[PDB]
Amino acid sequence: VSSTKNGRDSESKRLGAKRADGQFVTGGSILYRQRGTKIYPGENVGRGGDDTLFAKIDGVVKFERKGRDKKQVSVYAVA
RNA sequence: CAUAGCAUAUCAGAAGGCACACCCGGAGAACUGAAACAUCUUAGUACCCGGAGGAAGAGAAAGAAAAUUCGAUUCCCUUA
RNA sequence: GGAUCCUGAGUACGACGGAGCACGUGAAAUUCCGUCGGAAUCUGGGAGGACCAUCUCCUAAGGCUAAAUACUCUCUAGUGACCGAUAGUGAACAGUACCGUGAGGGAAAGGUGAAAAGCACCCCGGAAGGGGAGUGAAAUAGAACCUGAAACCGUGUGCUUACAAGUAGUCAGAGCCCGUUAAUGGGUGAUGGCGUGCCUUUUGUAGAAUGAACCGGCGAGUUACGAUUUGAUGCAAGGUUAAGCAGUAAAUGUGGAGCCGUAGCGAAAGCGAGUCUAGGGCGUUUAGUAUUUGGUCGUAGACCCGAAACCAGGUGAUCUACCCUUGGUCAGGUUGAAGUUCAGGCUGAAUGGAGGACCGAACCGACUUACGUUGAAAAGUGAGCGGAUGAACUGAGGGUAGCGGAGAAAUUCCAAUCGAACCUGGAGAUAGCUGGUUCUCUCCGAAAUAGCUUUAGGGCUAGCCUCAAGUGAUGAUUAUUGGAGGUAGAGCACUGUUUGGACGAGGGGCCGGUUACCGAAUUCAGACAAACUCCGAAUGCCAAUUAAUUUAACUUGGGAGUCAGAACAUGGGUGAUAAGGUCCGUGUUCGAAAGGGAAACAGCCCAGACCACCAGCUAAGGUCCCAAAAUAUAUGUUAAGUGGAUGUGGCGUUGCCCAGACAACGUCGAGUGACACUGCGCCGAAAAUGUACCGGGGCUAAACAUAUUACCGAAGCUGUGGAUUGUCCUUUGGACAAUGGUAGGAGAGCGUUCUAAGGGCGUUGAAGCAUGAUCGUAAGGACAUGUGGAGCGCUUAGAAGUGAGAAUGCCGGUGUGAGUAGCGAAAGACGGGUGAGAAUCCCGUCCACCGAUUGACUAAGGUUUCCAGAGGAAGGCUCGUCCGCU
RNA sequence: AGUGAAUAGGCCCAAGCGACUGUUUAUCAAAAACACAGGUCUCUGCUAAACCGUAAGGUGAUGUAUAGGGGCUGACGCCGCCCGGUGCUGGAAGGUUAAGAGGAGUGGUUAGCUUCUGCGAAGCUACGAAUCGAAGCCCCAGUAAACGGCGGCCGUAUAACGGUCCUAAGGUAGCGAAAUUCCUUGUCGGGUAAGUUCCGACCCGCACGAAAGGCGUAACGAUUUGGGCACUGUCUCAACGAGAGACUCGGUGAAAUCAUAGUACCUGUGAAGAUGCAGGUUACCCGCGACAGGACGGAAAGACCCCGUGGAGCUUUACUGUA
RNA sequence: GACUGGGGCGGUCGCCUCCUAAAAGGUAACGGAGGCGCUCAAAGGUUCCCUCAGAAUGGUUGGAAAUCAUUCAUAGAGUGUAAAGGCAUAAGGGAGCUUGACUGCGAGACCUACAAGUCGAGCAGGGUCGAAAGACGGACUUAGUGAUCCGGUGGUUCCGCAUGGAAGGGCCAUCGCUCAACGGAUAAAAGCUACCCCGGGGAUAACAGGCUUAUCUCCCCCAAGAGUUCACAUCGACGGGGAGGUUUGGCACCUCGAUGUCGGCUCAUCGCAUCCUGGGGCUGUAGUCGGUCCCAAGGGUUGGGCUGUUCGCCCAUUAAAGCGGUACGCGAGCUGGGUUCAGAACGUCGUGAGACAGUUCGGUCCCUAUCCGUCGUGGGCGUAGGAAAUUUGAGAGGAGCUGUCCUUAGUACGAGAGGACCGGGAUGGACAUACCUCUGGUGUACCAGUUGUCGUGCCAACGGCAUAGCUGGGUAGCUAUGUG
RNA sequence: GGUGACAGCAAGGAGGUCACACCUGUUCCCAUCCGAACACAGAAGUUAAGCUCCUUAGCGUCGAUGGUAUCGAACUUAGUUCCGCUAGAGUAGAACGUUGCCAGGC
């Protein structure tokens, strides 16, 4: 009988943290999924063209603090 | 004229029935499957017609092939 | 010898249209039919999957041709881990009885005994039937004849019953009567407690949702060939034969065509423990193969039953429609439209009497209304009513046939069937839909959800279940530690909403201006947000660990089911701050869960049933009687039984103060009167069978409260004995245990029929049938006795038409309704006769009925029914001595 | 009491629809439906057209336009504006452009006569001015008892005329609240009755315009619809008689149905409407006669509604074929 | 075609962003909001530099402001495209040179049923910008497509039929139309059933039951005033507020192997939210009139004309002509007018088959009562001796309604006309009950009489049949309209 | 002065060619309407400003203690109890940088 104008939405992307602080990761592992730079790269960490943070060596991840509010993620080598 | 044909005297050659099971011909569906349906499938099946034999049909290289060859046709097992 | 003539004509070949070849017409190469066109004669011509060449290969346009091969309506001889009378052929005695116009469809029905010795004779009886007696091993072996179950119907008897409320049982329990597989014995049962059948389908069924009257028989995952994965066994770098052959329709023997493996990779040439494009994929660091067993799958009808329909070949116009040829019927009345004589000046004295005429019988029809509706009748009867010389009614013959025919037209008719008749076949059509699907126990045990889908009550993969093999901390819960993150709450600093309160430059007041006033701006002043935040939890999430208790977790395989969910409490959307509403999220319980409480009451509270007991402690809820346990204590409230008002309850301050404050127009003496946060009340509150919520009786506590204690209360836990299975010290026992269950997965068994081998039994009595107070954890097994009169167990192995309570299942038998509905229109009375028997048969004498017919003929059609004598088993809606019956 | 019994038309006034006699759904419809005698329109020159057949052969018809086949319409009597498939026979003549012939002239190649370069003839080759002329170009210069419509707006409830868009006009008479109008029992009204649904009186034409005929009739009629007079148990309001059933006795003797039954009520509970559950209340056992409240009574696997990649029939400018 | 708080009509169907979403991720509805089916040879790369809308300040025309300088001026600027998350390392605004908007690959990871999708260090090769480190595999991030099959263009060191070219396959690169219902039935496809059939479903609608109560009927709570004026005698304006009972709707829990029907007829039984009668009171009741309330449930509560009607308007009455429940009480008790059936006429709308919901005429209502229940009537047994007759009454059921004439009284009262209440017996009535037949009447099927046709015994008189042939009277019994 | 580890904004006060700035420039490499920017060449005079030394907490930044709730559990169907973890406001209070490795000069 009636006409509903709404009814749209998109598929949810699975953004956010992917590995845990203190956890041993492997080289080229994805540590955080994000639109934008909610968290910056750090030591032995890169960013891809989707704003994806990733490791560059085999180590241990620590989330830390960059300036006064900016946050970053690093990987430190020796396990 | 002559054919056709009329008869006559002759041989009875046929006609009907069917084991339609098998075999050889003429004609020839649909439901169904494709998760609908039309090319396709069921299927050259069912059913109808003929011939009708004890078997029918095929068969003796204008080939198969590529070797050094087999060697008409028909049937079984492989290749599959 | 090898080319001097011959060497298979509308042929070969081409095109347009089709077809057959595994092949959808492309390269159709190869081969055929229709229409047309249409070459060559051996250094020729045709083929080798388009095609051009070298190479092979062959010589069409003529004919015949054994063997090895297919099938069985038949014949003779035989065979079977094939059926035994609802089976096996439809058919053991039938294409019959019967049904249909026809094509066509199509049953039920075996049994005396060894031998008829098949019951001489007497008694009762009209007879039938029986009682003796006889024959027989045996007549409860007598033809309704082997055995003889159950439903259902009776006669007798031990116990019990006329104040009683019900799924008919179970547990307790007197009284009376008995005496067995003699054992913690059997029958019946005053009286008390508890208790809403089964199956199916469902979120949920006592259900007023489905199915079944009862009892008996029959009635549903099979086989063949392939594939995958388990178990077993042989051989092993190998393993194994197929068809065929000699043998018995067996084993065995033989027979290496083939198939798998020992090596893979790449599209492929190819390379090779490597290869394809260093870094990568699939590989190498070896066990396979044959037969057989279990599970699942594929092609077959593939677990069983069930459509509406489609197609093919046939049957029917003896019903009905229209037509053709040849024949019949239509009582009586009424009426003067060109009839017609005379008389008059064209109507009077007169009067053929026609017509889809107009009243009415025969005949044809069917408008109203009553009756009838398990009918007298699958379309009728009574009373009225329409036509009744016409387009009338009707007989005998012939003709049109299903995409058809016929139709004064209604989808109306075509054999009681028609928007497409009937029969047989394809055919076991298809049915993602409903129903049904048959012995026992032990262990484990879901789901009602993603995603996609011409998909939405279906399916597929994932999730969750089960079984086996492997791997080894990788599993779970708490501590102590880091970490990612914007919800509750709060807050306005940003985006928007906000109400009051604010300041002058200026368009403006004017006669350019004043100034208040209109608008925006900034301004001090303060509430709000799912799509505002910077200031942020509790929890939940990931992880790491020399941080403690626990027993999981994962990978690869075989097998599934599930895809309708429900209430409750908490977080939210939608709706109305509705719904036993609807949609998500986090838990619980039902589903699939018995037990106790809530009166009753899947989903609420407590709690998870292996089995025995007339042992004990407790949970939730309870302790006056029903109905177990406190009429228990001590101490308080309640008087009501089940919007505001002076209603009352404190802590309070207080204005006026006994100098005399509120009244009576100075008497008067003890507080006055106010203003509130809180306790019980107050009205507040007005439906239909019958008191009606303590469930009832009843209660002033037996109400509601608080604080102690006592006790009762479950299938929870503990005692005692037992079973089956894990678990592991393994003394397999002492323990550590465990043991509700639907779809469904796994294991172990019980019975039935048949076969092999070995041992048994049986006329001194097999199987079957009936009874018993016996044994086994269950399905089930014995033994004793009676009946029966020739076959049947056990042990180990093998093979299946291997188990029924449900399908509005199929067939047979027998109930209930019930001594009930009905006995089909219609005159009978009396006397006599015959008879075992008479309302009913025969004979009277009366009396009634039809009275254009219930009369007499004549047809079609039917086929002996017709006459006489005998007879009453069945038939005849009662009877029967009678009869269309024998 | 004289048709002394039995038999034998009820009438009158007003309206629809159909001319009439006839025919029709065997078995819920007998009629306004179908026919009909007449009208019309069209096709057929005869081995006619048309129809059945694969065809041969047939019917039409042993007929021949005063004859035959098909459609519409229905006796009798009174009764135009229009052809629009982006437009259809006439008057016409200026025309334009398809196919074809017409050739003043005009070029690569040597391009003579002139090598001191130009009417360039003429060959193979490579182009081109005149003026003329088909259907269509035209309002395609017919058509309606053929499919059809009869316009929108606006002055205003092409309604009356009044200015209009564009076309073929978008209305002849006649009728005019309409088996058709919701507003609208239109407003007007009236005849009849005590009280309405008892009969036609303006145009104020949603849903109007003439053989898919518009108006009038005398006859009809088991047709529809009103109003009177007879007359009556139709009713007030029932009573009494006569028979057949019923009901008692002798005889004979079914059927649908059925899980087993020792089968009460009220309030409640519950798959939300209980003989069977809870709490109460009432009730000795067993028949016959009568009634119809409940056993969600019996009967027919709901015909309404939805669903199935189920079907059948019909239509069409659905898709694909084909006579 | 599907979805769908039944279906149809309507809307939608793929992808992106945000809320709902409960601080990881995920998460529904026909819940609430917006975008996409591209664009850019620079808006790409790399080396440099460089940094506010607005306000205030003034300034040659000043559309006030664009153009002009100074004070700021938190980024509020701005970023091609909606949103969110991020950016002054600018990822924003200029300049140079350029094309990395390259060729092979990739340890490992995110996401996920699958097929798809996402990110990547770094290793080769060959390069652009920068002096150099170094940076670069498009774009601040995330939308801008869609398998396979067939078909079409070019390379090749692949196969290719005996051998060899070779058309054709294979591989590598590159295209095009359609799949928007966007996991695409093969890339070709409309309607009416009212003759409708079969398989199913209370998984899902229409009636009745159940829940709810927006709506509906009512009961309470608070006020400017009208009313001459006096708020409250009368009404309550804008009004908003609490409740109670469930009648048009919301929901889809029983019933689709059937719970089968609207009005009327016959017969009831409950309620009170009272129509009459019965009590009372208030009055802005002079007085009858009346207004107005409260208490009160026993009994009563009508005859017709029109419409199928519920409902509704009208004529006459009456003391009065209430409002509700009971499957909108009652169809195994009745009818069948309305409406859901096959025929037909008209109107409108469709090409048409048909439809509408408009009309109009015509159209088949089954059942033998088992159990419980109800109304009547019997058999059995019982109860401390057996019988016959009289009784008591625990407890049940039935009956309680109405109107005239007479005082009173013409007194109260009425400046006028108009008219109080109140007391006695009685009275004879209307309905409905329950007796009965003496009276008026009905009927009388074995009673008396008159009469017409016919047939028998032959005149007549009888008897038979014509509805008891017909006509006129009528005993007992049974009766109303009669009497109590 | 340079680089390098975890507090600001401004407001009065002063102090010097050792720092570095203020200036002199168009003269050159640089370089744009403008040597206003950017370059380079001066180095005359100089703490007036930037720099630089407490500093004022006035603005700003941190941040207590009290304790005003939401997991768990019962009671109940209207929010009440026992727990554990405790916010945002807001008070007090601090606070005008601790200061890592070199030159020069101490």
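Lettering follows sequence order; numbering is per chain, from 1.
The bases of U574(C) and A429(C) do not line up as a Watson-Crick or G-U pair with both contact lengths under 3.5 Å. With both distances under 3.5 Å, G649(C) pairs with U678(C) in Watson-Crick or G-U wobble fashion. Nucleotide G463(C) is annotated as paired to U562(C) [Watson-Crick or G-U wobble, both distances under 3.5 Å]. Taking 3.5 Å as the upper bound for both contacts, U341(C) pairs with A349(C) in Watson-Crick or G-U wobble fashion. Pairing between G300(E) and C275(E): present (Watson-Crick or G-U wobble, both distances under 3.5 Å). Residues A784(C) and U771(C) show canonical Watson-Crick or G-U wobble pairing, with both defining distances under 3.5 Å. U254(C) and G244(C) are base-paired, meeting the Watson-Crick or G-U wobble geometry with both donor-acceptor distances under 3.5 Å. Taking 3.5 Å as the upper bound for both contacts, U648(C) pairs with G679(C) in Watson-Crick or G-U wobble fashion. If you check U178(E) against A72(B), you find neither a Watson-Crick nor a G-U wobble pair with both contacts below 3.5 Å. Base-pair annotation: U32(B) with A415(C) fails the Watson-Crick or G-U wobble criterion (two N/O distances, each under 3.5 Å).
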| Under 4.0 Å protein heavy-atom contacts per nucleotide of nucleotides 482-487 of chain C, with B for base, S for backbone only and - for none | BSSS--
| remark: Counting primed atoms, P, OP1 and OP2 as sugar-phosphate and everything else as base, the B/S/- map of nucleotides 99-117 of chain E against protein heavy atoms under 4.0 Å is --------BBBBSS-----
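Using a cut-off of 5.5 angstrom for ring-centre distance and 30 degrees for interplanar angle, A36(B) is classed as stacked on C37(B). Consecutive residues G48(C) and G49(C) do not stack, lacking base ring centres under 5.5 Å apart with planes under 30°. Stacking of the bases of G90(D) and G91(D) is not indicated, since the six-membered rings fail the criterion of centres under 5.5 Å apart and planes under 30° apart. Judged on ring centres (limit 5.5 Å) and ring planes (limit 30°), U202(C) and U203(C) do not form a stacked step. For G828(C) and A829(C), a centre-to-centre distance below 5.5 angstrom and a plane angle below 30 degrees are both found for the six-membered base rings.
Taking the charged nitrogens against the carboxylate oxygens, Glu11(A) and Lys13(A) do have a contact shorter than 4.0 Å, which makes a salt bridge.
With a glycosidic angle further than 90° from 0, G809(C) counts as anti. Anti is the conformation of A756(C), whose glycosidic angle sits further than 90° from 0. An anti orientation is assigned to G14(E), its glycosidic angle lying beyond 90° of 0. For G233(D), the glycosidic angle deviates from 0 by more than 90°, giving an anti base. Base orientation of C492(C): syn (glycosidic angle within 90° of 0).
Pair assignment for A55(D): none, as no Watson-Crick or G-U wobble contacts are both less than 3.5 Å. Both distances falling under 3.5 Å, in either a Watson-Crick or a G-U wobble arrangement, place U706(C) opposite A634(C). Searching all strands for a Watson-Crick or G-U wobble partner of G469(E) with both distances below 3.5 Å returns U451(E). Pairing for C64(C) is absent, judged as Watson-Crick or G-U wobble with the two contacts each under 3.5 Å. Figure legend. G519(C) is base-paired to no nucleotide; pairs are counted as Watson-Crick or G-U wobble with both atom distances under 3.5 Å. Across every strand in view, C846(C) sits in a pair with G828(C) that passes the Watson-Crick or G-U test at under 3.5 angstrom. Across all strands shown, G336(C) has no partner, as no Watson-Crick or G-U wobble contact with both distances under 3.5 Å is found. Using the Watson-Crick or G-U wobble rule with both distances under 3.5 Å, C154(D) pairs with nothing in any strand shown.
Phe54(A) and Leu15(A) end up in different hydrophobic clusters when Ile, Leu, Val, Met, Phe, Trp and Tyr side chains are linked at under 4.5 Å. By the criterion of side-chain heavy atoms lying less than 4.5 angstrom apart, applied directly or through intervening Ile, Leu, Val, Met, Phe, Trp or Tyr residues, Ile30(A) is not grouped with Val25(A); the two fall into different hydrophobic clusters.
With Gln34(A) contributing its side chain and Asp51(A) its backbone, the two residues share a donor-acceptor pair below 3.5 Å. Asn44(A) places no side-chain N or O within donor-acceptor distance of the main-chain N or O of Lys56(A), the cut-off being under 3.5 Å.
Going by the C1'-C2'-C3'-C4' torsion, the sugar of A139(C) sits on the south side, since that angle is negative. Pucker check on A43(F): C1'-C2'-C3'-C4' negative, sugar south. Sugar pucker of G134(E) is north, as judged by a positive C1'-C2'-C3'-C4' dihedral. Sugar pucker of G765(C): south, since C1'-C2'-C3'-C4' comes out negative. A negative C1'-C2'-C3'-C4' torsion places the sugar of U302(E) in the south, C2'-endo-side range.
Remark: P of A90(E) and NZ of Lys70(A) are 15 Å apart, rounded to the nearest angstrom. Atom CZ in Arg47(A) sits roughly 13 Å away from atom P in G86(E) (whole-Å rounding). Rounding to whole angstrom units, CZ of residue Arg68(A) and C1' of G97(F) are separated by 12 Å. Taking atom CZ of residue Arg8(A) and atom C1' of nucleotide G31(E), one finds them 12 Å apart after rounding to whole Å. Residue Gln34(A) contributes atom CD, which lies 17 Å from atom P of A91(E) at whole-angstrom precision. Between the CG atom of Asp9(A) and the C1' atom of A531(C) there is a distance of 13 Å, given to the nearest Å. Going from atom CG of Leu15(A) over to atom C1' of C119(E) covers 13 Å, rounded to whole Å. Spacing between atom CG of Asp51(A) and atom P of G120(E) amounts to 10 Å, rounded to whole angstrom units.
A sub-4.0 Å separation between OP1 or OP2 of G86(E) and a side-chain N or O of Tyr40(A) is absent. Distances shorter than 4.0 Å separate none of the side-chain N or O atoms of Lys13(A) from OP1 or OP2 on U141(E). OP1 or OP2 of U27(E) sits under 4.0 Å from a side-chain N or O of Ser12(A). In this structure, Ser10(A) reaches the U17(E) phosphate: one of its side-chain N or O atoms is under 4.0 Å from OP1 or OP2. Phosphate contact (OP1/OP2 of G31(E), side-chain N/O of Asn6(A), threshold under 4.0 Å): absent.
For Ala55(A) against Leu31(A), the heavy-atom pair with the smallest separation is N-CD1, 4.0 Å.
One distance of note links CZ of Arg33(A) with CZ of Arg14(A); it measures 11.5 Å at 0.5 Å rounding. Atom CG of residue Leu53(A) and atom CZ of residue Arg19(A) lie 14.0 Å apart, to the nearest 0.5 angstrom.
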| Full working for side chain to side chain contact (heavy atoms under 4.5 Å, CB included) between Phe63(A) and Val61(A) | CA-CA 7 Å; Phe63(A) 292 83; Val61(A) 64; 4.2 Å; yes
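Comparing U56(C) with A62(B), their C1' atoms sit 15 Å apart, to the nearest whole Å.
Taking the side chain to side chain donor-acceptor pair (under 3.5 Å) definition, one finds that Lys62(A) meets it with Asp21(A), sequence neighbours left out.
Applying side-chain hydrogen bond (donor to acceptor under 3.5 Å, both in side chains) to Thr37(A) and the options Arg47(A), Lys71(A), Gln72(A), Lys70(A) leaves one that passes, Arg47(A).
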